[PDB]
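The structure under discussion appears below in the form of structure tokens.
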Amino acid sequence: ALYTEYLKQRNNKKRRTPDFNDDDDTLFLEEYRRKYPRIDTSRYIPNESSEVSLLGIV
Amino acid sequence: XXXXXXXXXXXXXXXXXXXXXXXXXXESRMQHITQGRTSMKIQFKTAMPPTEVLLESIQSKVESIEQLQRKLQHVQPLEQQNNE
Amino acid sequence: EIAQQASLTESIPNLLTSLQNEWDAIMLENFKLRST
Amino acid sequence: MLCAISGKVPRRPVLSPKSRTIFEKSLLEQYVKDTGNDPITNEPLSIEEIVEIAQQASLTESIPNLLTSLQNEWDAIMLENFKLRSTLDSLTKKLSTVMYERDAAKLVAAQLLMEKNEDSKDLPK
Amino acid sequence: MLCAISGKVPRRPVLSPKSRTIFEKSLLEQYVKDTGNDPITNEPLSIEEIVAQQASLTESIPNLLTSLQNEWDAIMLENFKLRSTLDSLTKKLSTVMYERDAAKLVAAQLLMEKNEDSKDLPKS
Amino acid sequence: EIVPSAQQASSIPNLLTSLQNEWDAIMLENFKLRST
């Protein structure tokens, strides 16, 4: 049905935008951005540690 | 024995009060957003430096790796016509 | 009983953009393969 | 039923012999590779020490929605991990405020004992 | 990528069907002609025993699913670091608040006794 | 002896397992479609 109609199901376009002084809803959305940014910055650390060695091996 | 149980019971009561003060929250919201703005700043600046440092080294290796992938797609397509 | 993939530098996208593309690419290929 | 590391139902559980605890094979291995120890008892344990030791399949219900479920569940776990860490920092923080008062109080008792000692001398005279 | 017998890059790789390992044909052939065996496991192997869907290279659906295991399995250990550390802090808090509750009864009595000694002595 | 639950607490992981199980069919289907 997805291929026939030529329409992909929409994903969560939420984390990217958000807004300060929101409510209890944006309090969650804010706290989401922190944990994923810390996971992001940890996910970039173990890549850079090896760096280009892991890439050129593949 | 009696002193050990009275401390274990009180510790469970304070643990329930700590889980109750956390469930209600999820003034205060402005501080968390600013804490993220520090993170967003600090982290994304690190990310952009880690990215651009990687990109400089790895966009070359991406092209190397990605132009090699295109060779499989032609090495396969010829393979079938020869088998056929 | 008898491999390294370098996870991209911009690796949110794994949940949203990458996973979306995978089920697009699976969907539109097999449909096109059924056409073939 | 539950592996005592993550909280999952283990799909290839392994038990440690230094401390009676059924862990999951993946998680216990990572810990041993970090430091050769048991996570609960901190006893010297190795990978060869482990002895490899219900499966009921989840039938969600009657696919585009399942995409948004997995999104929500990761979105929830991210906050359920976050909330549990700020609570740890503030329970340690409030604990540190008690330690200052504990040691500050036992200095205030020393002056109060002097005032009692001074009084006992005057009463005798 | 390597041959397990020599350690070179094999130019004609042939995989055995008793000890699963990629050997160089010219090397393994001589090993079989010496004695009918597989070099690694020493199980019997002969020369005949040695041996349409288009693929694409292993990159960052299956590789994406195994990635999300690494994410969660690592985050599960992150929870232990805070569950274990919480059980030490709460245990030290319990004994700390008990020593506070056991001591403050003695502060209350000394404030009574030192003032009572001042109340007693000054009157005399 | 005895149950093990300690510092654990009594979803998510099976969703990924379910995602694998459905993919397992996707591959099996693509094979038989390509053979023909």
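Please note that chains go A, B, ... in the order of the structure tokens, that every chain numbers its residues from 1, and that ligands are numbered from 1 in the order shown.
Using only C-alpha atoms, the contacts of residue 77 (chain D) at a cut-off of 12 Å, with sequence neighbours closer than 5 positions omitted, comprise residues 28, 31, 32, 35 and 36 of chain A; 70, 71, 72, 82, 83 and 84 of chain D; 71, 72, 75, 76 and 79 of chain E; 11, 12 and 13 of chain F.
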Using N, CA and C atoms, can you write the selected residues to a file as an mmCIF file, in the first residue's frame?
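Saved file again-v8.cif follows:
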data_model
loop_
_atom_site.group_PDB
_atom_site.id
_atom_site.type_symbol
_atom_site.label_atom_id
_atom_site.label_comp_id
_atom_site.auth_asym_id
_atom_site.auth_seq_id
_atom_site.Cartn_x
_atom_site.Cartn_y
_atom_site.Cartn_z
ATOM 1 N N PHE A 28 9.222 17.978 28.923
ATOM 2 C CA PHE A 28 9.624 16.644 28.451
ATOM 3 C C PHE A 28 10.501 16.776 27.201
ATOM 4 N N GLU A 31 13.944 17.939 28.025
ATOM 5 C CA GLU A 31 14.726 16.883 28.674
ATOM 6 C C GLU A 31 15.122 15.750 27.716
ATOM 7 N N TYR A 32 14.367 15.592 26.624
ATOM 8 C CA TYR A 32 14.704 14.639 25.577
ATOM 9 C C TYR A 32 15.956 15.094 24.846
ATOM 10 N N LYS A 35 19.441 14.441 26.925
ATOM 11 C CA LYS A 35 19.928 13.073 27.019
ATOM 12 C C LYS A 35 20.445 12.569 25.676
ATOM 13 N N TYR A 36 19.754 12.906 24.590
ATOM 14 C CA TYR A 36 20.178 12.511 23.262
ATOM 15 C C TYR A 36 21.403 13.285 22.808
ATOM 16 N N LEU D 70 7.674 2.544 18.593
ATOM 17 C CA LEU D 70 9.101 2.441 18.843
ATOM 18 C C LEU D 70 9.752 3.809 19.063
ATOM 19 N N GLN D 71 9.221 4.836 18.388
ATOM 20 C CA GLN D 71 9.650 6.217 18.590
ATOM 21 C C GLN D 71 9.303 6.697 19.992
ATOM 22 N N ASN D 72 8.068 6.437 20.421
ATOM 23 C CA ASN D 72 7.563 6.842 21.719
ATOM 24 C C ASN D 72 8.258 6.097 22.853
ATOM 25 N N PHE D 82 16.845 9.652 32.381
ATOM 26 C CA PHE D 82 17.227 10.998 32.790
ATOM 27 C C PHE D 82 16.730 11.356 34.186
ATOM 28 N N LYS D 83 15.452 11.072 34.440
ATOM 29 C CA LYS D 83 14.808 11.359 35.718
ATOM 30 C C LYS D 83 15.470 10.616 36.871
ATOM 31 N N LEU D 84 15.953 9.403 36.598
ATOM 32 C CA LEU D 84 16.601 8.562 37.593
ATOM 33 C C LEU D 84 18.036 8.973 37.919
ATOM 34 N N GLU E 71 22.999 0.316 21.322
ATOM 35 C CA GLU E 71 22.471 1.499 22.004
ATOM 36 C C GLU E 71 21.837 1.154 23.352
ATOM 37 N N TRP E 72 20.887 0.211 23.325
ATOM 38 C CA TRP E 72 20.095 -0.128 24.500
ATOM 39 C C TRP E 72 20.896 -0.942 25.501
ATOM 40 N N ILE E 75 23.079 1.453 27.332
ATOM 41 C CA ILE E 75 22.263 2.299 28.202
ATOM 42 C C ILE E 75 21.729 1.537 29.426
ATOM 43 N N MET E 76 21.573 0.221 29.294
ATOM 44 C CA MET E 76 21.147 -0.634 30.389
ATOM 45 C C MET E 76 22.226 -0.738 31.464
ATOM 46 N N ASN E 79 22.333 2.417 33.587
ATOM 47 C CA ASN E 79 21.355 2.402 34.658
ATOM 48 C C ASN E 79 21.898 1.717 35.910
ATOM 49 N N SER F 11 6.757 -2.451 25.968
ATOM 50 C CA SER F 11 8.056 -2.170 26.576
ATOM 51 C C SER F 11 9.039 -1.576 25.546
ATOM 52 N N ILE F 12 10.016 -2.359 25.079
ATOM 53 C CA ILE F 12 11.090 -1.827 24.202
ATOM 54 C C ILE F 12 11.974 -2.923 23.555
ATOM 55 N N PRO F 13 12.588 -3.819 24.371
ATOM 56 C CA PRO F 13 13.521 -4.794 23.778
ATOM 57 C C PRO F 13 12.884 -5.773 22.784
#
(Q) Residues within 6 Å of residue 20 (chain E), please, as a ChimeraX atom specification. Count only C-alpha atoms; anything in the same chain fewer than 3 positions from it doesn't count. (A) /C:2 /E:16-17
Could those residues be written to a file, using N, CA and C atoms, as a JSON list (two decimals), in the first residue's frame?
[["chain", "number", "residue", "atom", "x", "y", "z"],
["C", 2, "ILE", "N", 31.20, -20.77, 10.36],
["C", 2, "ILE", "CA", 32.52, -20.33, 9.88],
["C", 2, "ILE", "C", 32.96, -19.05, 10.59],
["E", 16, "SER", "N", 36.56, -24.60, 3.62],
["E", 16, "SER", "CA", 36.35, -26.01, 3.94],
["E", 16, "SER", "C", 34.99, -26.20, 4.62],
["E", 17, "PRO", "N", 34.44, -27.43, 4.54],
["E", 17, "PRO", "CA", 33.14, -27.74, 5.14],
["E", 17, "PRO", "C", 33.26, -28.71, 6.34]]
Go through chain C and flag each residue having an atom no more than 10 Å from chain D; for those, report the closest pair of atoms plus their distance in Å to one decimal, using only C-alpha atoms, ordered by chain and rising number, as CSV.
residue,atom,partner,partner_atom,distance
C:12,CA,D:71,CA,9.9
C:15,CA,D:71,CA,7.1
C:16,CA,D:71,CA,8.4
C:19,CA,D:67,CA,9.2
C:20,CA,D:67,CA,9.0
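Using only C-alpha atoms, one finds that the residues of chain C close to chain F, at 12 Å or less, are residues 19, 22, 23, 26, 27, 29, 30, 31, 32, 33, 34, 35 and 36 of chain C.
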Same residues, C-alpha atoms, saved as a PDB file, in the first residue's frame:
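Listed below is the output, selection_36.pdb:
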ATOM      1  CA  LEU C  19      15.099   3.954   9.451  1.00  0.00           C
ATOM      2  CA  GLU C  22      15.291   1.617   4.891  1.00  0.00           C
ATOM      3  CA  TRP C  23      11.569   0.827   4.838  1.00  0.00           C
ATOM      4  CA  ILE C  26      12.411  -2.125   0.948  1.00  0.00           C
ATOM      5  CA  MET C  27       8.873  -1.116  -0.047  1.00  0.00           C
ATOM      6  CA  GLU C  29      11.963  -2.154  -4.585  1.00  0.00           C
ATOM      7  CA  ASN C  30       9.799  -5.238  -3.983  1.00  0.00           C
ATOM      8  CA  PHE C  31       6.804  -3.457  -5.534  1.00  0.00           C
ATOM      9  CA  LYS C  32       8.965  -2.645  -8.572  1.00  0.00           C
ATOM     10  CA  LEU C  33      10.274  -6.241  -8.456  1.00  0.00           C
ATOM     11  CA  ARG C  34       6.683  -7.541  -8.487  1.00  0.00           C
ATOM     12  CA  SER C  35       6.174  -5.303 -11.559  1.00  0.00           C
ATOM     13  CA  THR C  36       9.222  -6.930 -13.195  1.00  0.00           C
TER      14      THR C  36
END
Q: Within 10 Å of chain D, which residues of chain F are there when counting only C-alpha atoms? Please give them as a VMD selection string.
A: chain F and resid 1 to 19
Writer output for current selection, N, CA, C and O atoms, as a PDB file, in the first residue's frame:
ATOM      1  N   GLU F   1      20.268 -20.647  45.178  1.00  0.00           N
ATOM      2  CA  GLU F   1      18.849 -20.719  45.545  1.00  0.00           C
ATOM      3  C   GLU F   1      18.175 -19.344  45.473  1.00  0.00           C
ATOM      4  O   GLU F   1      18.853 -18.327  45.310  1.00  0.00           O
ATOM      5  N   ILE F   2      16.838 -19.337  45.569  1.00  0.00           N
ATOM      6  CA  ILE F   2      16.018 -18.109  45.651  1.00  0.00           C
ATOM      7  C   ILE F   2      15.999 -17.303  44.336  1.00  0.00           C
ATOM      8  O   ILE F   2      16.859 -17.478  43.468  1.00  0.00           O
ATOM      9  N   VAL F   3      14.998 -16.432  44.183  1.00  0.00           N
ATOM     10  CA  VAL F   3      14.917 -15.524  43.023  1.00  0.00           C
ATOM     11  C   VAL F   3      16.085 -14.527  43.019  1.00  0.00           C
ATOM     12  O   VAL F   3      16.741 -14.325  44.038  1.00  0.00           O
ATOM     13  N   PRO F   4      16.335 -13.888  41.863  1.00  0.00           N
ATOM     14  CA  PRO F   4      17.510 -12.993  41.678  1.00  0.00           C
ATOM     15  C   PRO F   4      17.250 -11.471  41.703  1.00  0.00           C
ATOM     16  O   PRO F   4      18.212 -10.713  41.785  1.00  0.00           O
ATOM     17  N   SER F   5      16.009 -11.005  41.629  1.00  0.00           N
ATOM     18  CA  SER F   5      15.762  -9.580  41.480  1.00  0.00           C
ATOM     19  C   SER F   5      16.341  -8.713  42.613  1.00  0.00           C
ATOM     20  O   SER F   5      15.847  -8.752  43.742  1.00  0.00           O
ATOM     21  N   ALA F   6      17.395  -7.952  42.303  1.00  0.00           N
ATOM     22  CA  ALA F   6      18.021  -7.028  43.255  1.00  0.00           C
ATOM     23  C   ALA F   6      18.766  -5.934  42.476  1.00  0.00           C
ATOM     24  O   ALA F   6      19.590  -6.240  41.610  1.00  0.00           O
ATOM     25  N   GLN F   7      18.464  -4.670  42.782  1.00  0.00           N
ATOM     26  CA  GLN F   7      18.959  -3.508  42.019  1.00  0.00           C
ATOM     27  C   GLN F   7      18.598  -3.611  40.532  1.00  0.00           C
ATOM     28  O   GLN F   7      19.421  -3.305  39.669  1.00  0.00           O
ATOM     29  N   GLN F   8      17.367  -4.043  40.247  1.00  0.00           N
ATOM     30  CA  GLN F   8      16.916  -4.291  38.871  1.00  0.00           C
ATOM     31  C   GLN F   8      15.558  -3.663  38.526  1.00  0.00           C
ATOM     32  O   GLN F   8      15.409  -3.111  37.437  1.00  0.00           O
ATOM     33  N   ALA F   9      14.582  -3.757  39.437  1.00  0.00           N
ATOM     34  CA  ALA F   9      13.190  -3.341  39.186  1.00  0.00           C
ATOM     35  C   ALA F   9      12.473  -4.327  38.242  1.00  0.00           C
ATOM     36  O   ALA F   9      13.019  -4.709  37.207  1.00  0.00           O
ATOM     37  N   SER F  10      11.253  -4.719  38.587  1.00  0.00           N
ATOM     38  CA  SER F  10      10.500  -5.697  37.808  1.00  0.00           C
ATOM     39  C   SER F  10       9.773  -5.057  36.628  1.00  0.00           C
ATOM     40  O   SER F  10       8.945  -4.166  36.804  1.00  0.00           O
ATOM     41  N   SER F  11       6.757  -2.451  25.968  1.00  0.00           N
ATOM     42  CA  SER F  11       8.056  -2.170  26.576  1.00  0.00           C
ATOM     43  C   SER F  11       9.039  -1.576  25.546  1.00  0.00           C
ATOM     44  O   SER F  11       8.882  -0.417  25.160  1.00  0.00           O
ATOM     45  N   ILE F  12      10.016  -2.359  25.079  1.00  0.00           N
ATOM     46  CA  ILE F  12      11.090  -1.827  24.202  1.00  0.00           C
ATOM     47  C   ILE F  12      11.974  -2.923  23.555  1.00  0.00           C
ATOM     48  O   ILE F  12      12.106  -2.956  22.324  1.00  0.00           O
ATOM     49  N   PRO F  13      12.588  -3.819  24.371  1.00  0.00           N
ATOM     50  CA  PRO F  13      13.521  -4.794  23.778  1.00  0.00           C
ATOM     51  C   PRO F  13      12.884  -5.773  22.784  1.00  0.00           C
ATOM     52  O   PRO F  13      13.529  -6.152  21.803  1.00  0.00           O
ATOM     53  N   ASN F  14      11.641  -6.176  23.043  1.00  0.00           N
ATOM     54  CA  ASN F  14      10.920  -7.098  22.167  1.00  0.00           C
ATOM     55  C   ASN F  14      10.406  -6.444  20.882  1.00  0.00           C
ATOM     56  O   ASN F  14      10.133  -7.158  19.913  1.00  0.00           O
ATOM     57  N   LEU F  15      10.272  -5.115  20.884  1.00  0.00           N
ATOM     58  CA  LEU F  15       9.881  -4.380  19.691  1.00  0.00           C
ATOM     59  C   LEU F  15      10.935  -4.534  18.603  1.00  0.00           C
ATOM     60  O   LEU F  15      10.591  -4.663  17.414  1.00  0.00           O
ATOM     61  N   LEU F  16      12.204  -4.472  19.003  1.00  0.00           N
ATOM     62  CA  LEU F  16      13.332  -4.686  18.095  1.00  0.00           C
ATOM     63  C   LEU F  16      13.403  -6.141  17.635  1.00  0.00           C
ATOM     64  O   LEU F  16      13.748  -6.402  16.479  1.00  0.00           O
ATOM     65  N   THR F  17      13.087  -7.061  18.545  1.00  0.00           N
ATOM     66  CA  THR F  17      12.999  -8.484  18.235  1.00  0.00           C
ATOM     67  C   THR F  17      11.910  -8.739  17.200  1.00  0.00           C
ATOM     68  O   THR F  17      12.073  -9.570  16.322  1.00  0.00           O
ATOM     69  N   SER F  18      10.782  -8.053  17.370  1.00  0.00           N
ATOM     70  CA  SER F  18       9.644  -8.129  16.437  1.00  0.00           C
ATOM     71  C   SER F  18      10.037  -7.540  15.085  1.00  0.00           C
ATOM     72  O   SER F  18       9.621  -8.046  14.043  1.00  0.00           O
ATOM     73  N   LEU F  19      10.824  -6.465  15.107  1.00  0.00           N
ATOM     74  CA  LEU F  19      11.316  -5.826  13.878  1.00  0.00           C
ATOM     75  C   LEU F  19      12.240  -6.749  13.090  1.00  0.00           C
ATOM     76  O   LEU F  19      12.257  -6.698  11.851  1.00  0.00           O
TER      77      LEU F  19
END
